[PDB]
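First, one chain by itself in C-alpha cells, the form deposited in one PDB entry.
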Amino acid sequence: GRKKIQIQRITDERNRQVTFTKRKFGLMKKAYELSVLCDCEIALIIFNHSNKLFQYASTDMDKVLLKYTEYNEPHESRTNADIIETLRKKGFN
C-alpha cells in the first residue's frame, strides 16, 4: 500500500472499519482461489470487534460444519500463536 504498516490493533475507529471491509474481502478472495485451485471445501467465520458475524463458505456452510463435527482423526490445528511461531522460524523468503 501507499505505506508500510505494522501488524497491531488499529486505534482509529474509522480506519479500523475501512481496513476491516477491504481485508475481509481479500481474505474471502484468497479462500475462493484456494478452494477452486486445490479442490478444497472452506468455511470462514468472522466476528468483528463488536461481535457482528460475517461468514463465507466455498459452497455450503452447513455441509462443512457437519463434516467438521464428524471428523474423528488428529489434524493440523493452528492459532495466531502458531502463525507467529512460523514467522519467527521461517526465512525472509
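Only the largest set of C-alpha atoms that superpose within 1.5 Å between the two forms is called the rigid core. Residues carry their position along the shown sequence, with the first being 1.
Once the rigid core is used to overlay the structures in 5 other deposited structures of this protein, the stretch among 69 to 77 and 19 to 27 whose CA atoms lie farther from this form is 69 to 77. Taking the mean C-alpha B-factor of each stretch as recorded, 27 to 35 and 54 to 62 are not equal, and the higher mean is that of 54 to 62.
As the entry records it, the average C-alpha temperature factor is higher for 81 to 89, out of 14 to 22 and 81 to 89.
Not on display, but discussed next: the form solved in complex with a partner chain.
Taking the partner from the other structure, the partner chain in the entry with it bound has no heavy atom within 4.5 Å of any heavy atom of residue 14.
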